[PDB]
Each structure stands twice: as structure tokens, then as C-alpha cells.
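Worksheet for the structure shown next.
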Ligand SMILES: *[C@@H]1O[C@H](CO)[C@@H](O[C@@H]2O[C@H](CO)[C@@H](O[C@@H]3O[C@H](CO)[C@@H](O)[C@H](O)[C@@H]3O)[C@H](O)[C@H]2NC(C)=O)[C@H](O)[C@H]1NC(C)=O
Ligand SMILES: *[C@@H]1O[C@H](CO)[C@@H](O[C@@H]2O[C@H](CO)[C@@H](O)[C@H](O)[C@H]2NC(C)=O)[C@H](O)[C@H]1NC(C)=O
């Protein structure tokens, strides 16, 4: 299948300009894919913003203004309010009935508690190995915007197997926090020298490394 | 573009049977691609062998016999002579003029007994770094037959860029030998912990590792 | 909120400029039409006005060689260069069947294309999914305009849409869709479509929400004031129509043949109600210069036409006798051929349902200016026909009293004697002359085909009865002394290009066997 | 080195078994033909002989609904199931144009398909590149056999091959290519192709290297001894032909419509010389059972035919009068329609060049067994026609003396008034009866269309002149009392299936206007 | 005025069939398209199915091809979805949204409904310690915790030294492993100095299975 | 008897045009297809171009599309290849081969001809040492050598201690780096005992630029 790829997260200053793009894995996005953007308050019914690529829907503010940049459909927010901090979904209709969503772009506009993450990487336990399970715990604390990408590796080799990652969750101090688990087998844990948890946060990559 | 993929190298007992296959990256091979096999003594004009898949040419030995196995066109050499140690090219015609060859299968018959390879890996020099170049030397010796696979690793990371590997070359002792160079930048050499040269010969994988 | 609306319709792929009667361009200095010309005047307006819309209402798809060659691709890659805003589907858009619309146009076309009354079922439904839309919300300035589409339910009788397409009643299908626009705070709603001036007016009346109606299909011409060419108006432009809820709804339409560009300033209130509506269809007389950058892209494509002139269209297995000493005196097979091609061409691609049963044709010898030889390889190219029909006329449809028809047939032989190419080669007619009698009392038998009769036969012509007949424009305008037609004709609609009509007939027949079969006799 | 050669030709897509005259199968117990049947007998032979080749020489394409529906794909996915070894291209393979050969067949076909005298130029050249080959080297047992293809240079006159295919003179193009086989130690060389029994013999004579010639196109039947059915032989099988270098070259051919399978044991020396050549074409009568596993795969495909029966083919804009009390008494438009479809169908897909000039048709009323009503969206489906033409006959071509033609036209009215279906609906004829006169002296005028009188006109019938005419097989067999035809006919070739002929004409015309136009008159 | 409500709500075991309804009001139901969209909690939006205006046309996503069946009833202004052969990847929020006939668009969205399909047994937590590595802390302290793996009835309470340490503790959100079993951790930052001096025992209570483990954490 | 002769592609600098000829004899040239195939030395076979018999049809590989022009002259039983806009990936052996029309064979082949297209410019080698750390040869001995990088002779001599050591020496094949410049190494196996005891100096001569480097090799 074909993936609609749109930025995973963005941050903007209040009263700023920001553009979300939304591209197609194989080929360009044109008008004749009928682009279409939605605002979802996390955990709420997604409200419409713009259909046709350009057309604003009933009672959509004029600050929101859709376009196309080269390969990708686009959404320009000229003059952000604090009212706009939510998740934005792009989505195209390649006809025959075939409709496909984007991954969703999380747009943050707070007023500058802007703090990089605190990563605490734990091995599988004294005792856990002995139960024949083997779980790598990677903890994140004290970051804003509250949008992270958790990459795992072994000795410079990516792992896509058995990775589970929580949704970021505002702490007791209005900064975001999230955990990331990697379930493994005692073999795979001893076979590779060291495992690493790579957390990236507004281009600020943070790693930690553990081995027996 | 479409790659015609045929086995990279093969070994056979004299008076034995061996089959070379020849497949298409994208789709199956049928008769309607008009398979076609050639013997090249490396550096002589390649003698025609089999057209149509099955048809032998005038004065082609009867031991050579072309066919089709499932997805791939095939060439069965029933009863190998010493005469048959050559490089064998498959080739299919996808019409419009478009003809595409195979990578070539190098067929080795008995000469010696099957000697596994001897790898000596060198780092870039004290002095070389200072000229801003940085070259990894990997030497291979004393193997039969003469068909090796040269893999390089960054830590557990493949590189196929800036790797140069010589043609295997019969030594002063009728066993084959070849060098493999990997051009790098002094940054790339210090950035990654250890670099490895991985050579495989008749399933017999040999690695060596060097680091700053 | 003023909204200037540029509209076209029934353009019939006349991409290069024509002459006033919509034939081949003759006097370079006096020629009209052209998409070269049109571009100029549209760009002039857009560079002046702030609120502009450029619409078409179909029949863009048949007429010249241009289509016969590029088959809809010429349409797209030029309409896209004029930068149209929306278009509706036509009687003639399905002449190449659905995929001769869906492939060349709906996919390659860079602007939305509408009709709401056309629904597909089965597997076509998935293929065609959202290449043809029922309405469009087209933003102009800081406001939005709704445009709703429609297409004549007559389409399956005048085209080849296959059996997967349904044509719902215009009104039925529009109402629910116009209502949705108001459901989504669109107050300003244009209707745009190809059902005929008649239905356009019934849309005004019977569909609430609808503010403006732009139509075509009927070649009808609306002017306020003095007509700027031969075009006879049949109402003021715009044509006001009193809606049932009691609104003034302006209904518009350019002639056809890309001669007149529609021009209508519509002023709206704050809630999407028509308050003012004034303007007149801009004629494209030679005083508008043709845009150069387009006239280039025209001549770039001109080359693949020239290439088609020499290509074998199909073959004859008989001599096509077109010499003076044949077609100007007695019944020649060439005539019989052409007339048959004229009628046949008409009953596939009929302009309106009024002509879908037309079985009568006439043709002067003085339009047949060459024979075509078989001996070579039996091969027939376009260039061959250019020798036969070098006038680059059209085949037009005229409704005629039998009295008038009789008159013209006596004027076929009143001054017999030498070449005088007024002798009529007929199709769907049996005639007999007796030359012994007085000039203007020589037609002794005249049986014609009465199709508006259950199983059609040749029944003798009644002088009272009205007769729907096809013939060259040369004759509709009283060529070779035929003043009695130009005067006593009842209806006159310009048709397709003469040569193009044969070249199609021949292509689709592939083998011709045109015989002399006793349509015309003596005693 | 004994080599059994199974050969077919002019199979004319008769996929399911027929009756002796190549019509619809009637008497289950007595039917012949079939690919079900054929499979059985070929499998029997392959399980007996060690050296077998199964060849075809074209005209596989045109014939039944089978093709009208699957358009060549039925051919491929069955010939591939029969496991043919080679095939040549036909007069009729280009009836659907190049793409109606290249798409359905040349792509889907799993066996080599040859013609060496057909050269393609321009862009088609690249597309078609090596899907149709000039020659093929087919290894049999421990030896190798060369097979050369050819196709009639007359193909562009009997098909629609595009203008990008050229047809070189068979002999010219074969010779240089046969030589290359000997250049590659191929001693044993079969010629295989569709140019007509006549050229097949001139290939034997004039082309060195060639050992055996297999042809078709002419439908010609060769038998050594007593013919096992109505099939009149015209030479022994094989037919020995004295080459110019002075060799004996056997030339073969099965009767057309997949009735007879060719069977020829050829014994060769160790350097590719024919020493022995004996055998006779195996007739496929009902004593050969139809293979079950194929009769299954037949009825699997049967279903998509039934589906096409109810689909709209095209439309009428007139009543098709086919009632008994119309077509059995006076000139009815249905007849005029059919006759026209019979002739027209013939001049596109002509079987040989002898019939490319056929302009004359006759049809008994007792073959027109229903009318077709319009006004119901004007729709005409296959099922409609099945009601009109339920006999599943054919339209055959007969050469006839004027004397004979006159006789049959008097038998049209000899004991008129009851007319148990004797009355002739004509095409390419003007006839006039006076009923007052003696039965067998009632035809007062009979003008017919002359075959190559330069420009085709209606000249009075001379009883000395010979006349090439199409008519139903019911009448070529002297059905409603026409013994005068069955006896005094000069040539008789079976044509295509009756219903299939109309259904095509209607599809390709799309809109029909069949009128009563005074072919038949009284006093 | 206009809205869409859905029905479904419940939890089901893998395999079983399940029907979904979407009660519409305040518009010409007769006219608009009607879709189903799902959203796996935390993850993005996925297109499920669609029913057009006249009936003829129903389309589904490659992900639920012929596993799912959509049905519209204009007689009753309600949309339906038949979900046969369920699994864990179908666990998500299921919205019905209307489409105007425009770009076949999506103006109005429903509140949505929850589809949870698990084996879903009432679980005890596996508890494990977490080896206090000085690799996160600088100013003479180290971070250590305890892992609560594989449990089902949310919530689970986590104390430290019987709840006699609330200072420096950071308990985390539970993750919902693809098996429909929760797992979380609870970290606490303490000084290096208290290794031989002070004892750290993390205490878990999970009253929905009454499992109350109390595991010590040593280097 | 039947034969194909190619025509001499020598050496040329990138960009220049170059025409290639293929003289056929001993068959109806008039009848068969005629191709070009290239072979980059050590690499596989690549299809270049084709001319068939009836004339209209000439086809090229996407790799040499409109860069190359093929032309047959039946008047003169010779096949031609016009090679404009050359580069280093065109450096290869260029064979002309016949095809019979039938099962679209490639029958008969030429001996072939060589196309070498480079920035020819004759460079002295960069020489560097190679670290004799005991991790290649068994407990008793160690391996050390010297790297000869970037040079444009094919040929270059390597001795050890002025050629006073032929025992344990294993000089290797030159590689042709993508720059069209050669590079090689020369290893020698010696005892661990002589690292601190004996001096090893590898000596390079490359008389085609007269550059004669003499680099000592010590451990680190
Ligand atoms: C199907 O075709 C086969 C092959 O022709 C038929 O078998 C043949 O039948 C004919 C007529 O019965 C036989 O000819 C007769 O031969 C006898 C002597 O055997 C002679 O006394 C009769 O006067 C006549 O010449 C022919 O020999 C026979 N051939 C074989 C293979 O035995 C078969 O009857 C046909 N079946 C049907 C129902 O058409
Ligand atoms: C092209 O059309 C325009 C508009 O009809 C012509 O300009 C008019 O010419 C007439 C006669 O001279 C005047 O009475 C009108 O007042 C003019 N109108 C305007 C707005 O200029 C123009 O002459 C035509 N050109 C040609 C040569 O046909």
C-alpha cells in the first residue's frame, strides 16, 4: 500500500507562521488528489479545516490557508493563536473509493517552558532474565513541546521488533513525560554487545547505552 | 530498471551435474522471454550455447541442456568436463528492442582441493590521515575455488559506497587471491568504533576488525 | 459584490479561427473565433476585473479534424492553457464513449468538470470515481461561489455513453445538491449545463437556491441591443426568468462555435441574492489580436494534423465518379456516398433530438470538384477528399416546406444545358425528371423518406408538409441561384466541417461500395 | 526418420462442434468438429507416435459469437490447452486490427506464431517486436525441424492490418530465410502459411530447401481415395509437386471449419530429404468422443457468452418489420437490413479475393421469424436476433448463372399467396413481378449490380453472365423448393454464422435506419 | 441541528462478529456520502469503509477488505458496519463521518465509539527490580526503580518503603502492549551514599486481583 | 567461412566522438540482425544497441539512449556504432554479434575491440606504510606492508630492503579506482622477534614518471 507521510510534530510561537506539508511515498500530490486537512483535539471528534486544498470550510478562520508546495500538499497557519495547539491530519482520495490518511502532525504553541528531555535507560533485571523474558526500559522526563521520536539500536543496527512506546503525558510540573519498552529474548540480549535508546526532541538527539 | 539475477559463482565435481538458474527481479521467466545461455572463457569472445531455452546450437555438446525451473530460466550441465570451467551468461528479450544480460555465473570444476581464504586487514596509516584521505586495505590469499563475497561493516552497518575489490587472481601456487580497498574520510574512521572486512568463500565466512 | 462571468458553450473544437458563417477561415483580415483570439480577451479582462469566472457548458468535443485527430487531448491541454474555472458535460462529450472522455479529458484536465444528473453503476462507478463531480465550491476573491452541473437526459440518444451511465432528470438531481450548498453557507449558486435553452429556463423557475443559470446545447443567441453580426437574437442578454419563490434569475448562452465569449456582471447582496445583471456577449471580430504564445502552441500541434492528411483512412473497391461531366448532369456515386456520410454522421452525433431521425440530404454538383481513383491500391486519404470538397464548408440542417423543396428541384434543371453545377445529387429521395416539359414543371415523381412514419418508406412529397433535411452551407445560403432556400427555410443550424464528415464515415466503414442505384431518372 | 504432421487451417473459431454444413449442432448423435473432439484424437496419436507436430495455418480468428465475445483470447487459452507446436497468420487474424491480434493472442499465446513476409515499420515495429516470428526451429526427438511462415499479400484487401504492416511477396521473403536454416544445419524445413492452395504449389516449385508445404486460405480439400463425407476432393493428399530443382514436394490442407484434422507421415533420410509421404485427413465424426476435461472448460466460458446476449449491441430508430404477413409477401426492411449486413460483413472479412466484389444477396422470408420493436430506448440485443434467425444457419457465397438466378426468382412466386416462405427479400437487385402472368413467367424486370462494370450500376441480368451472390445455407441446399440452386450452382463456400453477422453489423453501425426503398415492385 | 451518534461501545473476544450503528439527524441523509474511520488509541487515523448517495457503490480499505461489510438504511436515517473476524489491530475508536458529494469531502464527524477486542483476562503483575546504574545523575545521586509487567485491570498503586518516601519518585503511564496487557515502571532518584545505609522497597497493590508484591532493589 | 571483425577503438579523453566498425564476411549480411555488446573488464556483459535486417528498426539500451547511434551499411557488409559524449563507464570491450531472426538467438560473436576513455595523465604514486600489529599471522610472526595509492602506470616495481628480502613477500593485483588511477598493496610476513630488532623499508620505482619513493615501516 501507499503511505501519506506528513511531518510527525511541529512547534510555533504564538502569532507566528508555520506550514504543515503532506506528501505521497510514490509520486507527487496534485490538486486532482483532492487534499483535505482536519483539526483533532487529542481524544475529540476531528473538526474540518480545508477541503479542495485551498477552499476553507464553513466558519474556518482566514489565518488557516491551504496550498501545494512542489511534491506535497500544504497548510499554512499565518498568525497562530494558543487556541491552535492540537493534532492536524492531511488525507487524499486516489479514487475508486480509495481514501488514505496521514500519520498526523502534533502542533505545539505554548509560551516557552521549552526544555530538552531527561533519558534514564534500564537493563533487563537481575531476576527478569531468570523468568526467560527480557525487557529494555527507556524512561523520558521534563520535556516540552512533548513530542519525541524514540529510536532503538544495537551496535549501529536499527531494531523494529517488539518496541512499545507510551503517548507523551503532561507531568505534575506541566512538562511532558513518556516511557518506551523493548520486549526481547535472553539470547538477543547476550548476542549483541550493547543496546541503545535514541530519543530525538526538536532536533536535539539524546542516546543512552546498556550491555551485560 | 530490471535486473536479470543469476547465481554469482558455482563449483562442481568433474563428471558431476550442476544447474545454473537465471531469474527476473520483477515477475517470472517464461519461454516468451526467449532465454539464451553463453559460455565465455573470461577474455575470449563468448561462444553461443543454447537459444529458445531448450534448443542446442550446431556443435554444442549434449551434456549442456537448457530448461525452465518455476520462476527462473535454467541451464543443466549433466556430466561436467574440465572443458566447462568458464563464466556463463543468461539473457532474456522483453521486446521493443530491449535485451538484458545476467550478472554472469563463474563455474569452477575440480582442480585443487577446496581451500578456505586467509584475510589480513590493515587500518589507514599514521601518515595517510594527514593527507586527508583514509583507506582500509583488506587482503585475501590461498583460496580455491576463486569466488569470494567482500562485505564491509561500519559497526553492524553495511557500506557499499567507495568499496573497490580486485578480480580474483590465481597465485604463484595455483590458489586464488584478491585485494579489497575501502576509501574513507578521517571523520568516518574516528566517528564509528570499529570497521570490519567480511569475506565469505563457499559458505565459509571470514571477518577481521580494526579501530583507532 | 460584483462578479464578472465569462462563459462559452457548443465550441465544437473550432480551435483555430473560422469565418462569420462558422466554415474554414478565408479572408485572414476578416476572420472570427479562435482560442488564440479568446485567450487575448480573457487575459485583458482578468488583468482589469478582480472577480472573474471562465465557464463552459460542453459540446466542446466534436466538429473539426482537430478532434478527429487528438480525440479530446487537444481540448484538455488548451482549456488548461486558457485556465478555465469549471466545465459541464455535453451531448457530444460521449461521442468517443466513456473512455474517450475519461482517458483523454477527465484525467488529463487540470480543472473540475461537473454534472450532477449523471450517475454510473457497476464497475465503471469505481474507475470514474470523482473525475466528474455534481457541484463545485469555487472560491473567488474572499467569497465563495457554488457551481452545480447538469447534462441533457437526451444524451444516450445523441451519443454513445455505454449502458453503465444513467441520466437522471436535471431538476430532480440539482435540487438536493443546491440545498446542500445552502446547508454549507453557500448563498451564491450558479447552475451550469447542457440541456438546451428550454430546460435552462425551467431550472430557473423550479429549483430554489439557484441564483444564475448558464446553459447551451441549443445554438440560441441572446443579445441586448444591435446584433454585431448575422447572429439573430431570440431574447435579451441576460434573459430574466421569474422564479416560483418570486426571484429574477438571469439565464445566459453564447451562440456557439467559439465566435462569441459570454460577458455578464452579476452584483450580489450580503446573503447571495442577484440585485443587478447587465452585459452582452463579446463578439471576437478581427479587431481582437490573436495571442502569439498560443498561436505558436497551435502551429506546434498543426504538424500532427498535416501528418494525418496523407494517412490511409480506408479503401474503396469502386471508382468514386466526381468529374464535372458526371455529378453536374446525372446521379453520380460520389454524391450518393457523401449524402450517405452526411446523414449517417448526423444520426450518431445528432446536435439536438430535433434532428436525430433526419433521413433526407441534397448536394449540388458544384460542390463535387474531383473523383477518387481505386486503380492505385484502393487507398483513400484526407488529401483525396480536399480535392472533392475544397470549399471547407459545413453540412447544415434545415427544416423546409415541401413547396420550397419542389421549387429548388425545378431550379435543379430550369437552365440545364452546360456545366451550371446546380444539379442536385440526392440522398433519402427518389426523383424523376421529364425534360420535354416546361422548365419549372419537369419533376414528374418526387418521393421522400417520412421517418416520422412508423416503418419509413418513400411516400410522395406533399407541398404543405414540413421536411427536416441536411445539405451544404453553400446551399443553405442560396449558392448557385437557390434564393428560395435562404428565404423560405424555417430552421437553420450550422453542423460539422464537410471533409471531416466524410473522413469519419470512411474510417468507420473501412470499405466503401457507393453505387448509382436509380435515385434520379428521366423518360 | 518418420514424422507425423497433424495440421489444421481456416478453423474460423468453430470452438464447439457443428453439423456437416458447419452450422449450429442439431442431431447430438451425428455432429462433427469441436476442440473437445480434436483434443481426444490428437492425444490418441501422441500416445502412439514418437515424432508429432500440431500446426495451424491461420483464419482461426473470425466465425462464431465465441470470437465476437472473447475476440481472440478464447483462441489462445484453448490452442495452448491443445498444446499446438506452431501457427501462421491469416487473412482474418487482422480483422480486429493489429491490437485485436497483439493484445488477445500474441501476448496470451504460449506457442510460436510465424509469418516471414509481413514486415512492420514505425512505432508498431517496436511494440510487436518478436511476438510474431518469421521462422522457428522446433526440435523433435534427437533431430531438429525448421518451420517457415507466410501470409497472403492480399491480406490488406481482406482485413484491417493498419498501414504500419507491409506484406512482401511470399516466395521473395521465404527464400532468403530458408537459406539461413541450411546455414544453421537445418535440413528438414516445413513451409506453413495462409496464401491459398494456388501459392502453396508455387512455393513447392520455386523455393529451394523447402521439404513440405502446409497451407490454407482456400478451404480446398485433398483426399487420396474415397471421401468420407460430402467434401469433394480436388487432388490426392498429399499433393506431390515437381520443384524446379526437380524434387517431389508434398503440399497439404484440411478442409476448413475444424471438421478435418490433417494427418501426414513423412519419412526423411539422415540429411533432410523426403523419401516417403502417405496419409489422409482424419474426419472428426461423432465416433470420436469429446474429451470431458475440455468440454468442462468450454461450459465454464459458455457463461460469458450468455452474459453478452442481453447487452445492448446498438439501436434502431425504425420498426424492424419481421412478421410473417410482411416479409413473406412484400419487400420488408428487416430483409433489406439482413441482406445489407450479409454483403457488408463479407466485404470487410472476405474469405478470398474472389468475393471482395460481392454486391448481391437473396433471403427467403422463411428465415425471418420475428420483428424487433424500438421506442424501448431503441435497444437491440443478441437475444432479439435469436428470435429473428433461430435456425443458427450461415450466410454462404455461391457463383450462379443468370439463367439459374431467373429460375429461383420465378420459384419466389410460382404458387404465391400461401408462400410457405419462398418469397425472396433481395439486396443489390431490382426485381419487378406481374402476378397476372403464368407462374414461371412473372419476372418482367430483373436488373442486378454488375461486379466490375467500372462504376457499379444496375444493368439488366443476362442469362449467359455468371453472378457471385451471398445467401443463407438453407437456400444453397434448396430449402423451400430451390432445387435449381443446389443443382446448377458453380461454386459454394460456407460463410460465418447468421446471427453473429447481424450482431456485428449492428455493433459497428451503432444506429440503423433500414428502409423499404423499392427493390421489389408489382403492377 | 446536525449531528452523528454511534453505537458499539463494548469489549469482545477475537473472532466474534460485531455490528456498529451511526444515528444521523438534521440533514438530507438521502443525499450525502457516509464513511467509517477508526483511530487506534494514541496512533493516527485510518480509513475503514464508505457508502455513497444512491447505494450501488460501497468501498472498503485493503486492511478490512471483505472482513467488514457496510450497509446504509435511508428508510431509518442510520448507517451500519458488520465487523466479522475481529483481532487486536481492530482495537480502536470508530467514527462515522458524512461526506458532501464535492471532493467526496468530510465536513461533519461523529463523537465516535470504542472497539476493544482482547482475550482480556484479569491479570496479576509480574514485578522485577531495576539495577541502579549511575548513568542519568551527576550531583552525587543515582536513579533506580521497579518494573510492573503484564497486568489487566487498571489501575495499579506504587509506593516506596510502605509510602514513607514520596520525595523524588516518578511513576509513569502504563503502556498497552499489543497483547492488551498493561506494563509500567516507577523510578526514584536517591543519593549514592545510602547504598550500604538505606533500604529501598517499591510496593505494588492491584486490588482488582488483590496481588500486593513488595520487592527490594539492590545493586 | 563466416566471421566478424571489429574496428579499433584505441584510447580517447572524455567527450570526444568515436566511430566503431564491424566487418562481416561469409553470409547473407543482408538477412541477419546485428548488435553491439560491451563488457567492462572484470564485470559482466551489457547490451548496447541493435540493427535488424529489414532496416526501419534500430534500438538502444536506456544506458546509451541518444548518446549512441548505430548504423548498418549492407552496400559494404559492415556495421557501425557512433559513440558521442563518452565517459569512464563506456570503458569496456565492444563486441559486434549476429542474431538469426528466429528464436532471437545471438549466434556468432566478434573477437571484440577495446574502448579506454580516461583522464590520461601519468602520476607518481602516493606511498604510505601499513601497521605491523600482531593480529593477522600466528603467534610466531606478524604481517606488515606498504600501500601504493593513486598511480597511472599499469606497472610499478616493489622491493624490500633494496630487494634484499624476497622471503614472505606477497605483492597483490592493482585495483582500477573509479578515478581511472591504479592503487595496490605489497605485504610481507616476518617474525615478531625482528619488530624491535630489524628494519623493513619497502622501495617503489615507477619508471613511467621516474618517481622512486622508499618508505620505512615501524610499529606504533
Ligand atoms: C466415422 O468415420 C470412420 C472413418 O471413416 C467410419 O469408419 C468407416 O466407416 C465406413 C462406412 O461404414 C467404412 O467403409 C466401409 O468399409 C466396409 C469394409 O470394412 C465396406 O464393406 C463398406 O462398403 C464401406 O466401404 C470404413 O471402412 C470405416 N473405417 C474404419 C476406420 O473402420 C465410421 O463409420 C464413421 N462413423 C460415423 C457414425 O459416421
Ligand atoms: C468589431 O466590433 C466592434 C463592436 O461592435 C466594432 O466597434 C463598433 O463599430 C460600430 C460601427 O463603426 C460603431 O457604431 C460602434 O459604436 C463600435 N463599438 C465600439 C464599442 O467600438 C468594430 O468596428 C468591429 N470591427 C470590425 C472591423 O468588424
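Protein chains in written order, with the deposited numbering: chain F, 1 to 212; chain L, 1 to 212; chain A, 27 to 549; chain B, 27 to 549; chain E, 1 to 219; chain H, 1 to 220. Each residue gets a CB set at the ideal place from its N, CA and C atoms; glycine is no exception.
| query | result |
| --- | --- |
| So with CB distances below 7 Å, who are the chain F contacts of residue 211 of chain A? | 58 |
| Going by DSSP, name the residue or residues bridged to residue 540 of chain A. | DSSP lists no partner for residue 540 of chain A. |
| Taking Cβ to Cβ, would you say residue 128 of chain E is nearer than 7 Å to residue 147 of chain E? | yes |
| Give me the Cα-Cα distance between residue 140 of chain H and residue 131 of chain H, rounded to the nearest whole angstrom. | 17 Å |
| Does the CB of residue 101 of chain E have a neighbour CB from chain A at under 7 Å? | yes |
| What distance in whole Å lies between the Cβ atoms of residue 192 of chain H and residue 142 of chain H, which are believed to be in contact at a cut-off of 8 Å? | 5 Å |
| Check whether the segment 302-320 of chain A and the segment 48-66 of chain A touch, using three or more Cβ-Cβ pairs below 8 Å as the test. | yes |
| Go ahead and label residue 187 of chain A buried or exposed: buried means 16 or more other beta carbons lie within 10 angstroms of its beta carbon, across all protein chains shown. | buried |
| Tell me whether the segment 437-444 of chain A and the segment 208-225 of chain B touch, counting them as touching only if at least three CB pairs, one residue from each stretch, are closer than 8 Å. | no |
| Checking contacts by CB at 7 Å: is residue 7 of chain E closer than that to chain A? | no |
| Do residue 176 of chain L and residue 186 of chain L have their C-beta atoms within less than 7 Å of each other? | no |
| By the 7 Å beta-carbon criterion, what residues does the segment 135-166 of chain L contribute toward chain H? | 135, 137, 139, 141, 164 and 166 |
| Taking the straight line between their C-alpha atoms, what separation do you get for residue 95 of chain F and residue 35 of chain F? | 12 Å |
| With a threshold of 6 Å (Cβ to nearest heavy atom), would residue 252 of chain A be considered close to ligand 2? | no |
| How is residue 170 of chain E classed by DSSP in three states: helix, strand or coil? | strand |
| Can you give me the Cβ contacts of residue 562 of chain A inside the same chain, cut-off strictly under 7 Å, excluding the 5 residues immediately before and after it? | Here chain A comprises residues numbered 27 to 549, so residue 562 of chain A is not present and cannot be evaluated. |
| Find the residues of chain B that neighbour residue 104 of chain L, judging by a C-beta separation of less than 7 Å, and give them in chain order. | Chain B residues near residue 104 of chain L: none, gap ~24 Å exceeds 7 Å. |
| Do three or more CB pairs link the segment 249-268 of chain A to the segment 276-285 of chain A at distances below 8 Å? | yes |
| Leaving out five residues before and five after residue 71 of chain L in sequence, what residues of the same chain have Cβ atoms less than 7 Å from its Cβ? | 23, 28 and 29 |
| Leaving out five residues before and five after residue 39 of chain E in sequence, what residues of the same chain have Cβ atoms less than 6 Å from its Cβ? | 45, 92 and 93 |
| Measuring CB atoms only, is the segment 209-219 of chain E touching the segment 2-18 of chain L, in the sense that at least three cross pairs come out at less than 8 Å? | no |
| Pop quiz: residue 146 of chain L and residue 108 of chain L are said to be a contact at Cβ under 8 Å. What is the actual Cβ separation, rounded to whole angstroms? | 7 Å |
| What does residue 29 of chain F touch in chain E if you count any residue whose Cβ is under 8 Å from its own? | Those within 8 Å of residue 29 of chain F in chain E number zero; the least Cβ separation is about 13 Å. |
| Can you give me the Cβ contacts of residue 340 of chain B inside the same chain, cut-off strictly under 8 Å, excluding the 5 residues immediately before and after it? | 406, 532, 533, 535, 536, 537 and 538 |
| How should residue 329 of chain B be labelled, buried or exposed, when 16 other C-beta atoms within 10 angstroms of its C-beta is the threshold for buried? | exposed |
| Report the partner residues of residue 6 of chain H according to the DSSP bridge assignment. | H:22 |
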